[PDB]
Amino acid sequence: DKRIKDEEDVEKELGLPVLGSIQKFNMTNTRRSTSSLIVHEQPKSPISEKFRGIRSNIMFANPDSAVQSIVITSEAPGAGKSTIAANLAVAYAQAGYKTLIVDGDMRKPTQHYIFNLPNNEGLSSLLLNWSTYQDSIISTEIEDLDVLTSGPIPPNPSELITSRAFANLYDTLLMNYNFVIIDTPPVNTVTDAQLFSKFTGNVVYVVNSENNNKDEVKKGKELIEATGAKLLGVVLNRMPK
């Protein structure tokens, strides 16, 4: 019934460009990757090429665009925000950008799972001054890729995002990294992604082609655009091919 299913649907129903399309993972398109971090584990796979194309699009499709950071978000849970964010981050690092991925989903974080990292310190603890900057950001075994995990689950993420601590951190991150990617919770349920979007001014919108309602997806788009941020485009995920 009501799915945004493909590129035509994105153009016609949402009026956005498609930055890339990510197929549902299989043995062939991931070359039997052991994890969902395809770009790292199988850098020559078809899927890995798609993420490189997304990277090239963001950085080179628009002449004298100067994108320093992006929010990765979606309308609903399970769209593939975390997976797209992590793989895109690796793609940036491989290309030689000093890259940070920030786990800004302080409600249901998964970047520590994806990158196999401890989550005792991270974004929440840093913002609460429980941990230091240098202790909270992890340099991964992937060269040019750092990760700021979510940290412990805080009582009120909104309070942290709107704190002067975060505004000041964000400024510091822009000065320390060539590219910053912020993973977020879904738009329709909490305003976290909208708040982060006010900072980055640039948003990549992930749409699960397998399972979505067009009215819900459209509502999320409108909420993002209402922040004043530029919605760069859509990444279609779980595509049949």
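The first residue of the shown sequence is 1; numbering continues from there.
- Stretches compared: 98-106, 122-130. Higher mean C-alpha B-factor in the entry: 122-130.
- On average the C-alpha atoms of 113-121 have higher B-factors than those of the other stretch, with 113-121 and 82-90 being the two compared.
- Set against one another, the Cα B-factors of 69, 197, 57, 189 in the record reach their highest point at 57.
- Across 202, 48, 213, 172, the greatest Cα temperature factor reported in the deposited entry is at 213.
- When the modelled residues of the chain are ordered by C-alpha B-factor, residue 184 sits in the lowest third.
- When the modelled residues of the chain are ordered by their C-alpha B factor, residue 27 lands in the highest third.
- Per the PDB record, residue ranking by Cα B-factor puts residue 193 in the lowest third of the chain.
- The PDB entry assigns residue 206 a C-alpha temperature factor belonging to the lowest third of its chain's modelled residues.
- When the modelled residues of the chain are ordered by C-alpha B-factor, residue 140 sits in the highest third.
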